[PDB]
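A.B. asks: Make a model of this:
(2 chains)
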Amino acid sequence: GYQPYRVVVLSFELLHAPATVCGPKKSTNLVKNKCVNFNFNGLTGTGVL
Amino acid sequence: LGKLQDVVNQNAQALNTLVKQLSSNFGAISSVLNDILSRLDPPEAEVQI
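C.D. replies: Numbers count the residues shown, from 1 in each chain, chains lettered A, B, ... in the order given. Take a look:
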């Protein structure tokens, strides 16, 4: 208790704008006009582009 | 033709209201199910959902 403890707080502002930092996952080609499952910067959905 | 017209509005308005009810938190962190699911594991996502 008396001895110190190092603390780091990582605050991520998930702004609905271009994302400067993103994970290591590799993207894939883009498909259109067909019902597909899509991910964009973390926004996940299912539909037709 | 007010009477008939009135009927239509009474219905249409109701539907609109219902649809808008999908954008309310009701206390959850977000009103979008996909965001809650993609940010939280099921053990903590159950409470929000």
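
A.B. asks: just the helices in chain B please.
C.D. replies: B:2-20, B:33-39, B:42-48 (DSSP state H).

A.B. asks: which one of these is the most hemmed in?
C.D. replies: Compared across the helices of chain B, helix B:33-39 shows the largest average neighbour count, a mean of 15 (mean count of other CB atoms under 10 Å in any protein chain shown). (C-beta placed from N, C-alpha, C; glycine too.)

A.B. asks: And it, what does it pack against?
C.D. replies: Using 3 or more CB pairs under 8 Å, 6 or more residues apart in numbering or on different chains; DSSP states H and E, the elements in contact with helix B:33-39 are strand A:43-47, helix B:42-48.

A.B. asks: quick one on the thing from earlier: among the helices of chain B, which is nearest residue A:39?
C.D. replies: Closest approach to residue A:39 among the helices of chain B is made by helix B:33-39 (9.0 Å; CB to CB).

A.B. asks: Can you say which helix or strand has residue A:20 in it?
C.D. replies: Using DSSP states H and E, residue A:20 falls within no helix or strand.

A.B. asks: so what's the backbone phi/psi at it?
C.D. replies: Dihedral pair for residue A:20: phi -80, psi -40, per degrees, to the nearest 10.

A.B. asks: Show me what residue of chain A gets nearest to chain B.
C.D. replies: Distance from chain B to each residue of chain A (CB to the nearest CB) is smallest for residue A:44, at 5.3 Å.

A.B. asks: What separation do you get for that residue and residue A:38?
C.D. replies: Remark: distance between residue A:44 and residue A:38 (CB to CB, to the nearest Å) = 7 Å.

A.B. asks: and what of residue B:36?
C.D. replies: In terms of CB to CB, residue B:36 sits 18 Å off from residue A:38.

A.B. asks: Could you do residue A:45 as well?
C.D. replies: As defined by CB to CB, residue A:45 lies at a distance of 6 Å from residue A:38.

A.B. asks: go on, residue B:34?
C.D. replies: Counting by CB to CB, the gap between residue B:34 and residue A:38 amounts to 11 Å.
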